[PDB]
Structures are given as structure tokens and as C-alpha cells.
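**Student:** once you've seen the sequence and the experimental structure below, I've got questions.
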Amino acid sequence: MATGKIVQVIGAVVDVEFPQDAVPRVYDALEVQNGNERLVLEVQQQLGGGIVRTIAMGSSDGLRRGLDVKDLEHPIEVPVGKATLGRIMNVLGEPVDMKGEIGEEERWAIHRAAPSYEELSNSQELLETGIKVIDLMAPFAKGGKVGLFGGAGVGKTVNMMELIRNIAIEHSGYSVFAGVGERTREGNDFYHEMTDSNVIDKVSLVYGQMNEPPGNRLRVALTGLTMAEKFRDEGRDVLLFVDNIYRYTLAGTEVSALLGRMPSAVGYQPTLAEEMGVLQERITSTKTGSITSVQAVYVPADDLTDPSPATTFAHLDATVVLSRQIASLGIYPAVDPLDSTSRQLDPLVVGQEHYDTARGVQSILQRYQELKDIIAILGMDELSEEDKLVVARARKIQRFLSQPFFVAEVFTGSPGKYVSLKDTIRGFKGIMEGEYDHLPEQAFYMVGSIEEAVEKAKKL
Amino acid sequence: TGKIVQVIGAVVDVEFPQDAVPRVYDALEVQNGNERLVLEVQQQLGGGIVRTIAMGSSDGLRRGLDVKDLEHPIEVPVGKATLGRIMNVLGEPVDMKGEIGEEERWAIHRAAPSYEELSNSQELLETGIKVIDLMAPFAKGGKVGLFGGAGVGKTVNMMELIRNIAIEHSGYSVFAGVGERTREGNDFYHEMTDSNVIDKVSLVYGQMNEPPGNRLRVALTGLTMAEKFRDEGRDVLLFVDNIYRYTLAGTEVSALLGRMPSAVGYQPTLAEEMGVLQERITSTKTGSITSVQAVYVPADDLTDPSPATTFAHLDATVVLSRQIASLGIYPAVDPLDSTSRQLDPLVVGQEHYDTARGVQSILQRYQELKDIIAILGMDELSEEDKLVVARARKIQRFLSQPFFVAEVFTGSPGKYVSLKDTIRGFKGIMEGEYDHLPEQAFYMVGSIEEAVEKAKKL
Amino acid sequence: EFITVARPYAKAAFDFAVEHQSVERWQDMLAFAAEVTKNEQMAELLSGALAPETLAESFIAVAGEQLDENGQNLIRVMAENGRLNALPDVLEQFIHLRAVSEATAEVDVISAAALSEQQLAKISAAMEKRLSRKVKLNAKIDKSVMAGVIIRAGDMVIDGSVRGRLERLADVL
Amino acid sequence: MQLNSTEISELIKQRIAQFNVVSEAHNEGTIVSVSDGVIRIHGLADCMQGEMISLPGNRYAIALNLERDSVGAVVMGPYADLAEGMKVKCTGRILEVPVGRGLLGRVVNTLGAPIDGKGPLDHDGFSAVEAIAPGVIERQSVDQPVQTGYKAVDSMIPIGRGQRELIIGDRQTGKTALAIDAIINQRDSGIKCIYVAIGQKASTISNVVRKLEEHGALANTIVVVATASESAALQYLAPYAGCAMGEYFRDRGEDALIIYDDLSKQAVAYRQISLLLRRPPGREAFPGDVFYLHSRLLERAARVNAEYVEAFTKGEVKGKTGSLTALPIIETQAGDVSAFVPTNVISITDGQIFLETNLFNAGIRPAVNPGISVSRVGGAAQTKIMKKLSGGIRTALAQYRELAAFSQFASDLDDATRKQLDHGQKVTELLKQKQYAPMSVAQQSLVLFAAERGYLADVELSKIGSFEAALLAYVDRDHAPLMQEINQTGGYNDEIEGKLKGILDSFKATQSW
Amino acid sequence: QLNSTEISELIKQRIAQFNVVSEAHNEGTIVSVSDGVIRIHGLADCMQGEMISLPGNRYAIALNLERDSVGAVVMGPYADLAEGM
Amino acid sequence: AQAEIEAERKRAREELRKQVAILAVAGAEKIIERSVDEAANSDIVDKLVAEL
Amino acid sequence: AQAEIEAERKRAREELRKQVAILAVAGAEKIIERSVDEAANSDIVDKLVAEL
Ligand SMILES: Nc1ncnc2c1ncn2[C@@H]1O[C@H](COP(=O)(O)OP(=O)(O)OP(=O)(O)O)[C@@H](O)[C@H]1O
Ligand SMILES: Nc1ncnc2c1ncn2[C@@H]1O[C@H](COP(=O)(O)OP(=O)(O)O)[C@@H](O)[C@H]1O
Ligand SMILES: Nc1ncnc2c1ncn2[C@@H]1O[C@H](COP(=O)(O)OP(=O)(O)O)[C@@H](O)[C@H]1O
Ligand SMILES: [Mg+2]
Ligand SMILES: [Mg+2]
């Protein structure tokens, strides 16, 4: 039965008054009949006097005062498990594609505590991505956060699709994609690019886009996360994509200003760091399973000091930057080896050979970076015959970072390659010390492992 | 007679019978558990309520406690008996020794002297510090201020001035520690007792461990002692350890007294809280007070309201800077911002004045050149501009000096450079007499004759 | 809530009703004036802005059970400040001030089941030592406190239940 | 073996034995509001500020305001499940925390409740979380040395027992590495350690705990943890719970060492708690008293003279003197050391070790920037040998690091700069040191000897790194008694100068490296 | 909620007589004191900018004329002035 | 590897103590609810009043 | 050692079952002293035994 009544409505914020003894607890979900359809309200505060203040997970137009409100006794619950693969959902777990119901056996609340201290894994492993640039220059910690910083046209979404493919096929995990606050168009022509690549059967999509009320854009990141947590509890390894964490922070600021709390550092809510932490703290490697996150980060005003980036970066373990220039040079994936970083590049955690190989190729490329500007102005003739060999090797290292993805076949017909880590370490140990100086640079381009680079070189 | 009714932070509120309500600045008392807590009233709210600031820890206070109305303000021991002893803000002895045998006690809230009574002195005061008494000479019986951000050296400079002025001087002295480290108060106390000058210094301490109620008023009870020694016909030295904390303790409390915030959060009464203090610390016809005040500037920002309102209250302002201490050039005084009321040809003599203005002129001309040096490199300078850069970089070093109190940090022994000798050395550098020495000959030396020797070693 | 704004009005009403020896009449008058405030149509009138003297005059007219000068004067003052909604709490604080003035108390006794009719007498006999006040034990039952008794006097409670002892044990372990 | 049913049964039976069946009278109130972590309570006519109010479940709320009609309190834990109308109880206790040496080796919540699995605590009673530090007369001047594992800070930035030394730098610069290298090195030097992590990631805390247990230090540390997920009222009150445990050893004439990991995150949690109470912000939106917050915490770290110990301890401990060293860690954005919070702390401590991202990315690790870093006690804290061997080295490098600036294109004074510039370069190449590799006063002393007495400018810059690895084994084989004496006493004499010259000559001549 | 100089011993007078006795419009009483500002109760005939004369030889300037208050600023030392003057 | 097992002995011991300790109080609840249904209540309510 | 602990755990776990019946009585009869609680206890205590 319905035991409450709406008492105020101001934009997205609805105040309802309950009996003195039956007040909903915070984060509980209410629902009202907004005319011809139901609307769900998530509680935020218990003002005194039986009243409680809530945010509508939808449009609030048409809400009269005095409507009846039905108090559900539990937080927002969403469907989880295998049944949600290949489907699309909005925050509240309703199917938002046209395929009909979800036959899920189980539903979970989206608010829960992070893994307690002694549940965490007593180890520190690497997620083998199968991509040369990533696995060499910016390895992924299994159960860590990764920030993907490139812009547009550089291939962010094809990178994400290749990661989905590799984590589902070569390992035996699933993936979740939470589209926080981004263009509807991109969500549509991402969903389509994934169905025509047959990865759609291994990823579960949830969408809250720019057109949604603040209550939708805010919590959607927790729905995807609480599906990934279900896959984790089944003992799997999961990969969780957040389409823009900055818009998560911004939906938090909008809701905060709606509730009327004082602003803090640069207009951001007072609870910025906690709203971020209670999300980023559920993405970890428990003894049973892992969640690994790949999070597209937008940095406002090109400022790495603004409180939003300054908070996000405190949680990221790796950082891969995509570059327009490396793309125009025709190398794909267009990762930037110099700006990409990972705090797993330490001899202790990755070993000495991997470490010093990555460091070597980095120094090679960053000398070439200036030899190229010598050449630009003085011409190739001026260089020492040491630097001409440095250039000839830098160009081959640069080529060897290219790779054919299983998902890129559509574009280039070449069958995609999965490059185990050992092969990358060997390939670069090789090139960097003159071995394979005897074969041309185009024999490295788009090849795969080096034990295929030679066999391509054989028949140019 | 009277009950507590709210205890928000440090501001307690008390309700009194309509006819018994205390006056402003009266002192109340509460029996806080197994403690005795003193409250000072700030406002008479309406209807018998009165609002107060707790001179102690506010924890443990319940609503409804009985409070006792003392009929007099906070009063502190005063006179010769308070000499060579450490005291609380409340005038209680804080060393382990016995009672203070004071004859007399004075209320710490007083009116400033009248305009008719003030007195002026051009009598210059000599300190061994080179930069200070070249750029910012200051006069017996006048305020000095050491402005600077954290870590820049405004406490080492004050201990140097204590060493150079206070031991070579006969009258009594007062050191009021407002909101700075207790470690340093202990180190100072033992440094005095280990040279027997303790029995001429009177100490008061409201160090940073203490609650706001103590740091707020501790400076006034140091004044109230220096004021006695002044009115007795003596002349006194008064060193205040950080007068910035006297306003910060006010900002901390103002929000609770229900007062709308001003420009950067500060209390709306900032300039008056500061004036009513800085105005009682002045010399007069019956005596004189010579005072050095350390003045913290927050976030190194000299435009902040709290430093900005203080410049007007001082005679000689010495402004330290971090971008000079980072070059190792101690004392890191900024000679293009240090100033003095006394740097005038009639007060200081024409030659000293012309030397100071020459140093400023060419350090400034050096400042203008730095952008083109940083972009185009030094080689694009005129041939008589490279000369200016090379003389300015010499002057910058020669303003450096090794203090007697910085041995702990550098080993090298201290120096005391008389005025007659610094105004000769700087003429030497400016007129190109020493235009054949390497810069490092001038770093951390005393007279110009110690630079020329050091140059023999390279 | 109005507890903090009802205090001055309650104290003034009681300070006045004492001097004229009219506490018993003032309490009933205040209770009536509080009950009118709860009415369907009157509460609507009290919200929508209306000139205080006009709101008071419309309010007085609904109360012929108010003494000719002082009750109506209280209503006028509260209407001027715009606090007529506070009345239901001016009543609470008036009754509490009276209970203090008459050195009287009123305590709950919560039990698994009713008591022996001498146990009540012994409880009251005990309580009038803890409290100087004369006490009226109004008794209640709650079988979740399956044995023992809870005594609550104001914001002091003395918990003699078995349920209490079990919850207190289960956390010592 | 140690899962004997009978001992568990007796452990419980004891609790049954000493159970006070007698009731007790307590004071009660009702929750009236809940929002974003703050509670509003009616009643509690006898709650006292700073008190612990006990909620349903087993959790506490701290009274911050006693307004005229309501008490304002912050929940110390998850607050979602609290509902208007719930009853609460006023305990008689100002905020308290368990203390004792029985905590050593335990990982503990900010309220003392153990967070590892290893069961309840053994503790010597309780101590108040908010206390006022010893006064000016109870102190003593810091004299004794605290050795970290490192050349760079033990020579240039010495730390004494009872000092407060800020570690400040950018993020990912080796602040926590240097801190837990300080903790590991006291594994055997008799001073107990405490590591309080505020706002850290939970995984990182489990990782540092794993290293602490792996190098054998954990049995000598207390670990206080309030992770990024936990309510702000826990994070902002965490370091006071750490000082409450450090002060247990300070007062008993023992020595302690406490590390506040990222006081920046404590300031952020306090800014949150403040703004949710509608208090007027100030500079950078921090509250007005964000200074006093750190002031009253770091000031507790102190060294107390023996009369204070004898008075506190009721005359049981005689003649000894206690101390509590503190190493707060601050993070600064973009290397800007002039922001409101970094300056507030630079103004409270007795120095700072500034770790520079530009050196750290160049391979110089630990990336100690000389010129910004200082120790406000300086040489008083060093062992007799070190105060000699150090010379003015820190200004030597602070100069070399601007001779290296102007010498980027052209310079004068050529051949003297040549040798200044080579000494500086091989010295910096010598001060870099690997992680988890602490070197003793005797190991570090002979290396500074080899640095300042020549034995240099001949060996290759690439060989500096192995000259050391060979020398420290050569002296570990042959002259071990001399290392054993220099470790036992600071010991500076011209017998030891002679012996060190002899050892280093014989190494330079006989051995390969 | 907030109270605005509605306090027990004022309210009692209205209880006894709400229709205010025509008390001299030439005078009032101090109800509050703080930081150099005083709130005066009464003074129906106060005019903005007028000078209000206090015990001793002191004056205040009426700046805020409100409903049931006159907010005036004291000229010279204010610490002496006490509610009920 | 030895401390790593010592910690596990401690942790398992505690894990077991927890279960025994909660089942104790559950058993006391039911036992108490079976046996105080009599005039035993009259003793409890009279016990505190002598100390009340 | 982790496999050995899984044996020691069960070894102790089985035997404690006989001690829960002692501890439940000790607690309940601490909290209310006027009970034999041995006359009619089988239904309660045997499923206390069972849970461990
Ligand atoms: N002496 C050293 N030599 C080489 N690498 C080091 C050294 N000290 C620390 N590091 C490396 O620096 C990295 C970051 O160290 P650490 O986490 O202690 O810095 P931090 O400032 O605590 O980072 P954060 O601020 O993110 O916690 C570590 O991965 C460690 O491997
Ligand atoms: N690895 C790759 N193989 C083949 N083509 C690629 C690859 N990466 C990027 N491209 C081309 O670059 C274009 C990038 O466009 P798009 O993927 O829409 O950018 P984003 O995904 O960043 O929004 C793609 O259309 C694709 O044709
Ligand atoms: N004359 C000096 N010689 C050498 N070092 C100095 C000198 N003055 C300051 N310093 C260094 O700068 C620090 C400044 O100390 P202090 O003045 O106490 O700081 P603050 O200015 O914040 O009070 C000293 O600890 C010392 O390390
Ligand atoms: Mg100082
Ligand atoms: Mg760290």
C-alpha cells in the first residue's frame, strides 16, 4: 500500500511526507504514478518531521502535490547475471532495447560496501591484454584502474572493442560498458559496430546519456558496477568500461547543487572525493575474482590540477594516451609510447627484463623525437653515422608497435593477431640491439610477432 | 547564578538573571569536571543571554552547568615581579616555580595613549645585519615588522635582533609567544637561563597547541606588561612571535559569533581588531617601547587582507621572500620591498641615503632585464648592461651574511658588520672598485675586506 | 520545528498565569487555541500571507473560550510575529513548565505484562526518592521485553529488562 | 595445536563470569534528522561536547554542537541505515581509543576495533583522542638521532627523536616509499612505530602491510587505516587516534615514531565535514580553522623531560625521557609549494623533505631536492661521526645544482667549476639508493668518507654504483670489528679516521670493483 | 526558525496590555550590544541619521529603522553600554 | 612462509570463537524464553526496585 | 599448512558442539538465576549443539 504523500516539487527534487514511524531509510526507492506511468524516487536526506527529500529518476513534470507515494523497502535493484549479456538497460534495470524482457534469476541492490580489508587478494598480477603497445609500455594490473585519455577520430572505440574481444576469447571473462553521460549517437553506432563484430554476446551495456535527468546520469555508473560485481562473484575476471568519469563527477555536482549544499574548491560539491572513492573502491581484485576498469577521462580546461582530474588520478594505476599524430602516421592502435605511463613499470612487479626493455625503447623514441627536428631544418646529411642508425632503428621500433586486431579485419582484411607478452619482449629486445637490422622497416609494420616479421621480410 | 545553554565549538553561551547580566569583557568561571574554566564575554545578546569565548578546552561542557560571575575583566600580574618567569594568557605561572609575588594586576583591555602624549625619536638603532640597516634602518622606540611566508627565516632574524639589541641594552624586555611552536619557546627559555639574561626578560606564551580562546588574547597580556614597564618611566623591548595568529584566532571564532564573512573569509572587524592592538604598542613621552613583530603572510600572497592591513601600522617593514632563500641567500630579505620611515637624507645622512638608493636603482634595473635574459640569453645584452647584471649579482651576494644563531645550520661563525663599514662596501661594489672579483667571493662574508680575502682562495 | 520559538511565549504565558493565579485556566485556553490551529480550513488560512492584525482578528473570532484581554493579547502578539503555528508547542512547554513549578513528574513503566498493584506502589515509592517530584506511573505493556521492566522518566531510562541484559551481554563477547 | 576447544570455552566462560547483571541508569535521546553523514538528536540533556553517543547497532557518533535544543553529531561509520526516531544513548565518555603495547602488530580501525581477522585486542585501558600537548616547560630539546635507511636524508636532512619532519612532494614521487623505509629501519633500534593511512586505497594498504610483514617490521608497528571509502568523520579523526597511541609510549619514557599518510586527505575530509555544517569557507574553500586542525595534532609529537615522565607515571619510571617523532606526508599539485594547505603545514613542522618530480623522473631516487628541504634542528640530531663527515654538503649540492644551470651553455672560472661540477655529479650519483635497502651508520659513514676525501674523480661515473657494492662487502669481510664499533657508538676520533683511510686505501689499491 | 527580540519579559507586558501604552516616542531601551552596534527597542520617533544620546556623553547614529528595532552604531568606546540602559 | 601461517592460525582460531560466541547467546535467548514464563518475573521486577 | 588447518579446524569444531550446551546454560542462568533449566531443555539445546 501507499503510505506517503508528495509535499513539494522543485525541478528534480521531490519532498514526500510519511508517517512519523515509517520514514524511509536513505537511498531507499519510492515510486509514484506520474499520471499514466510510474516514476521512481531515490531518497537522499531525512529532513525532520516525517518529511524526506528525494531525487526523481525521470522527468518530474506532471507531479501534483498530494500524490500518493509507495515506499519500496529496498534500494534500487537491477537484474544481474548471464541473462544480461548483449542487452541494453537504463539505470533502473528496465530493458531499453526492443528485445523484450530480461530473464534474470536474481536482482541486487546497487549500493553496497567495498570489499573488506581481508577479502583483498594477497598478490599483484598482470592482465595480459594481447596488445603490444599496452602490454609493453603500460601494463594493466589485474583489478586496477586504467585511464584512456585520447580524443576523437583516434580510435578509442575500436580499442575498447578489441579489449572486449581479447578478454572474452583468450581469457574467459565478460565485460560491462557503462555509458555515463555521453552522446546518444555514439551509443547507437557503438552498439551497431559491436553487433557486426560478434562481440556483442560477451558485453553487457547500460546507458545513461546526456538527455537524462541528473538522477539517471548519476547512478548509472553504479548499475554497471553492480553487474560487474555479480560477474566477479561467479569467480570470473571482468572488464568494466566507464564511458566518461568526468560526467559522473559533474552529475554529482548538479545533484549537490539541487540539494542546496555549499560549494567547495572550484564549484565542485563538498563530497567530491568521497563520491569518487565509493565508486572507484569497489573495482578491485578479491580472492574470488577481479574487476579491471578502463575509464575514459576528460580533463577540464586542459588542466591537470582541477579538482576533478586531481581526484580521479589518485585512483588510476595506468594511463594510455592516444595521439592524432601517431594516427596520421598510419600506425594503429594510435597509442603514444612517450606519454603513456603505468605505475606497474617497476622491476619489482614486472621484472627487470621487461622494465629495461620498455625503458630502452622509450629512450630510443625520445632521442629520435629531436633528431627528427634536426633533420627537418638541416637535412639528413648533417647527422653522425651513429644517429643515422638511431633513426633507422627508431623507425622500426615505431613500426613494430602496430598490430592487426581481430576487430580491424573489417577495415584491412588482415587477420587479427594476439601477441603474448613474451613475444613483445623478444621482438623489442631484438630490434633494439641491431639484430634484424638486416631487413627493411616495412617488414615490421602491421605484422604481429617478430617470428612473423622475419617471414614477412622474406617475401617483399 | 547563570546557566550554560549552548556550547558550539569554543563559543559558550550563558543565561543570567535579567538584572545580573555581566558587562562586556567581564570574565566568568565554570567548574568543568575537575577543572576550572574561565570564559570571557564578547556580546550581550538579548534577554539576559550573554555569549562568551572559552579560555580553555571546551570539551566536557554540558548544557545547564552553573557559571559564576566574576565582576572584573581578565587581570594579569604586572611589574618587576613578573620578570624572568613564564606566564599563561590568564597570568598564571606556567613554569614549575612558585607564585608570582606581584603587587598589582591590570586588566588586559585598555585604551591607547592620547595623541597628545605620543613622542617621536630619530635616534637610529644599529643592528649588525647588513641589509636591514642599509635598506631599512629603524629608530629607537619604533615598530619593525618581518613579513614573510613559511620557512623564509623570520624567526631566525628575530633571534638575531634579540642577540644584537637585547643583551647590549639595559632596560627590561618582553617576549610574547602568540601561536607558534612550543619547541621554540622552550629552546629560547633555556637559551636565556644558560646566559643569565633571563632575569631581564618577561615571557608570555599562547603557543599553537592551545585552544582559540588563549591565542586570541595572549598578545594583549604581553602588551599589558610592556605597558607597565613603559609607564614606570623605562624603555622596553617587545618581541611578538607571530602577530598573524592573533587575527587567525579571531577568524576561527568570528563565524560562531554570528558575523557575516568579509573578503577572503576574514571577520568583518579585522582592521579594528588589529588597530586596537597595534595602537597601544607605541612609545610615549613618559617611556618608550621598541618592538619587532614577525608577521606571517599566508600562501606567500602579500595582497591578502591580513598582511595588507598590517603594513600601515609599522615604521620599518622587512619583507622576506622564498625565491631568495631558494638561492641560499640568507637572510632572504627582499631589498626592493623592504622600506623604512627613517631612510631620509636628513635622518640618516646623505651618503647612506645615496648608497641605499643606488643599490635599489640597479637591483631594479636588473629586474627589468630578466625577461629578455630568460628568453634571448644573456649575450644579447648591451656591453654596459652586462656590467649592470654582473654588479647586481654581486650586490645580491653581498647582502648575505652569516648570523651568530645560524651556526647550527652552516657551521661557519657569525659576523657583526657595523654600519660605517657596510655603506663603504656597497659604494665599493657600485663604483666598480671591486669589479674584478668572482661572485662567490661575496657570498656569506661580513666586511668587503673579507670578500677580497676569500677571493684569494677562489 | 517550533520548539525553539515556542520557548519565550510559553515562559511569558506561564510567568503571567502564575502572578494572576490562573494556571488552570490558561492551560485550557491554550489547549483550545492549539486545537483550532489544527483545523482543516484554519490551517489553510494561517499559511497564505495576510496582514497580521487581520489574521488575528479572524482567529480571535473563532474563539469565544478565551479570556477577554490576556489570551487574545497573546494571540495578537504571536500573529504579529507570525508564529501562530507554534501554539501546539507553546502548550507542550507550558505543561512542562507547570510540572516543574508544581514539583511533579510522570514516568513510563514498560513491562512484559501488567504488575502486582503493589509493585506499582513500590516503584512510585522508589522513584519519589530519585526524583523529588510527585509521580504518576502510567503503565504500558510490550512482550518484546519478555521479562523485567523498563522505567523511563523523561530522557532518563533505567533498563531492568532481560532483553536489555541479553543485548548487553552479546556485545561483551 | 592452537585451536584447542577448551581454551576457547574458557575464554568465553571468563566473560560469563565477570558480567555485571546489575542494571544501570543512562540518558537517552531520539534521532531527528539524517543527511550526508550528520545526525541531529533531540534530548540528551546531559551530553557533553566531544562525547561518544552510541547508536543502534554497534557504532558511535561524536557530538560537535550542543545547540539550545538539539545535539549535532557525525556518524563514525556507515550512516545509511539510521532512521528518524531511533533512540540513542549518552555514554559518559569523551572520545576514547584503546592503547597499549598489545596493539603492536595489529591492524586497527580508527576507533581501535581490529580490522584484520586476528580477533580482539589486548590493551592497557583507554586514552582520550583529543588532548592538549605538553607545555613549554615540560619539553626537552631534541638531541638523539633517528636513522632512516638512506644516505640522502641521514646526511643532508637529519631527524632527531622528538622532531616533526614534513615529507612533501608531488604524487608518485616516493613519499610513502621513504616513509615505510623509515619504519622498516627502526625494526631493531628500540623505538616503536605507527603508520596511519588516511584516504589510501585499500589495496595499497594491504600491500604496505604485506611488505611490513615481509621485512620483519610488522611485529613492531601499529597500523591505523581509514580508506578512501570510509566516512569522512573517520578519516578526519584518524590521525588523532594515532597520536593517542603514540602518546602511550611518550609518557612511559619510551620512544615512538608515527607517520600520517597524506594529511592533505585529512584536510579534505575535514573540509567536507565543515561545509556540510554550513560553516563559512575561507581561502581555497577550506574552513577558517584548517590550520588549528593540524596544529593541535602535530604539536603532540614532542620530547618530554624526565620530570614530566616521573610526574605522569606516578614515579614508576625514573630518569628516562620520552619522545614521539612524526613524519606527516603532504601531496602538492604540480609541485606548487605555495598553496594554502602545504604552507600551513610547512609552518607547523620542524623542517621539510621536498621530493621533486623532475629529479625523480630523471632517475635520481630518492629525489631529495636540496635548497628547498631543510631541518630546523640540524646538527643537534646527528651522530658525532655524521655531523663531521657531512660538512656543508647540502649547500654544496644546492650550489652544484645551479652551476649545473648556468653551465648549460658556457661558463667562466673553467677548471675550478670542472672539479666542483664533477664532485657534485659523482656525489649525486652516489646519493641515489635502492628501495628497501637500508644502510647502517657504519655503512654510510665510510661511503661519505670515500666521497669527501677524494677517492673520486678517477673512478667512472658508471662505476660509482658498483664501487659501493664492492666496498660494502670488502669492509663486511675484513674490518668487521670497526663497523661493529662505529655502529655501537657515533664514535668520531682520529684513530677511526686513520683506520678508515687505511681501509679505503687498501680497497682502492687491492680490489677490482 | 529564528527569534527577533521577542523575549519573555517583553512579551509579558503585551500579554497584560497588547495595545501599547503611548510610551514616550522620544526614548527606548538597549536590548543588545556587540562589536560597536546596539539594538534599541522603542524609539518610535527615531529618524534615519538622527543622533541618539546614551548614558555619559555619548551618541549613536540610527542607521537601521526596522519593525521593532533601531540599529544604531556607537561613536567612541562601546564596551561600557549594557542592555537595559 | 612461517609468519604467513602463524597469522592463519590466529585468524582461524578467531573465526571459530566468533561462531561459538554467537550461538551461546542465541541459546541463552531461547532457554530464557522457556523458563521465566512463571512467577520468576515477580523476582526480577522486585530485584531492581531495591536498588532502583 | 593451509591444508592441515582445514583438518585441525574440523577436529576442534566437532568437539566444541558439546561445550555450547554448557555455555548457553551458563549465560542464561547468569542472566536469570532462578532456573534449573535441565528439566525441559532438550528441544533448545540439541539444536544448539547442531549448529556448530
Ligand atoms: N629509491 C627508489 N628507487 C627507485 N624507485 C623508487 C624508489 N623509491 C620509490 N620508487 C618508486 O616510486 C613509485 C611510487 O612510490 P610511492 O608510492 O612511495 O610514491 P607516493 O608519493 O607514495 O605515491 P602516491 O602519492 O601515489 O602514494 C613506486 O612504484 C616505487 O617503485
Ligand atoms: N586499428 C585500426 N585498424 C583499422 N582502422 C582504424 C584503427 N583504428 C582506427 N581506425 C580508423 O580510424 C577511425 C576512427 O574513428 P572512430 O573509431 O569513430 O573514432 P573514436 O572511436 O575515437 O570515436 C575508424 O573509423 C577507423 O576506420
Ligand atoms: N641566516 C640563516 N642562515 C642559514 N639558514 C637559515 C638562516 N635563516 C633561516 N635559515 C633556514 O631557514 C629556516 C627558517 O627558520 P624560521 O625562521 O624558524 O622559519 P619561519 O621563518 O617560518 O619562522 C631555518 O630553519 C634555517 O633552516
Ligand atoms: Mg617562526
Ligand atoms: Mg603514497
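**Tutor:** Yep, that arrived. Numbering: from 1, shown residues only, chains lettered A, B, ... in the order given. Ligands and ions are numbered 1, 2, ... in the order given.

**Student:** show me chain A divided up by domain.
**Tutor:** Following curated CATH domains, one finds the domains of chain A at A:1-75, A:76-344, A:345-460.

**Student:** any part of the longest one near ligand 2?
**Tutor:** Read that as domain A:76-344. Yes. Using Cβ under 6 Å from any ligand atom, domain A:76-344 reaches ligand 2 at A:152, A:153, A:154, A:155, A:156, A:157, A:158, A:332, A:333. Placement of C-beta: from N, CA and C, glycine included.

**Student:** ligand 3 next: which of those are close?
**Tutor:** Contacts with ligand 3 within those, as defined by Cβ under 6 Å from any ligand atom: none are present.

**Student:** now do the strands in the stretch 151-300 of chain A.
**Tutor:** Per DSSP state E, counting those that start in this stretch, the stretch 151-300 of chain A carries strands over the ranges A:174-180, A:203-208, A:237-242, A:290-296.

**Student:** which helices and strands does the second one pack with?
**Tutor:** Applying 3 or more Cβ pairs under 8 Å, 6 or more residues apart in numbering or on different chains; DSSP states H and E, we find strand A:203-208 packed against strand A:88-89, strand A:174-180, helix A:184-195, helix A:214-233.

**Student:** list the buried residues in the last one.
**Tutor:** To tie it back to what came earlier, the one meant is helix A:214-233. Residues of helix A:214-233 classed as buried: A:214-232 (neighbour count, 16 or more other Cβ atoms under 10 Å in any protein chain shown).

**Student:** in the stretch 51-200 of chain D, what residue is nearest ligand 2?
**Tutor:** Nearest residue of the stretch 51-200 of chain D to ligand 2: residue D:172, at 27.6 Å (Cβ to the nearest ligand atom).

**Student:** who are the contact partners of that residue?
**Tutor:** The contact partners of residue D:172, taken as Cβ atoms under 8 Å, 6 or more residues apart in numbering or on different chains, are residue A:343.

**Student:** and it, helix, strand or coil?
**Tutor:** coil (DSSP: H, G, I helix; E, B strand; the rest coil).

**Student:** distance of it from residue E:71?
**Tutor:** Counting by Cβ to Cβ, to the nearest Å, the gap from residue D:172 to residue E:71 is 56 Å.

**Student:** show me the contacts for the residue nearest to residue A:250 when sequence neighbours are not counted.
**Tutor:** Spatial nearest neighbour of residue A:250, excluding adjacent residues (Cβ to Cβ, 6 or more residues apart in numbering or on different chains): residue A:181 at 7.1 Å. Residues in contact with residue A:181 (Cβ under 8 Å, 6+ apart) are A:208, A:209, A:210, A:212, A:217, A:243, A:244, A:247, A:248, A:250, A:251.

**Student:** with distance to residue C:7 added, can I get these in JSON lines?
**Tutor:** Below are the contacts of residue A:181 laid out as JSON lines (distance: Cβ to Cβ, whole Å):
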{"residue": "A:208", "distance to residue C:7": "49"}
{"residue": "A:209", "distance to residue C:7": "53"}
{"residue": "A:210", "distance to residue C:7": "51"}
{"residue": "A:212", "distance to residue C:7": "47"}
{"residue": "A:217", "distance to residue C:7": "45"}
{"residue": "A:243", "distance to residue C:7": "55"}
{"residue": "A:244", "distance to residue C:7": "52"}
{"residue": "A:247", "distance to residue C:7": "49"}
{"residue": "A:248", "distance to residue C:7": "46"}
{"residue": "A:250", "distance to residue C:7": "44"}
{"residue": "A:251", "distance to residue C:7": "43"}
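
**Student:** can you pull out the strands in chain C?
**Tutor:** Using DSSP state E, the strands found in chain C span residues C:104-111, C:134-141, C:149-153, C:156-159.
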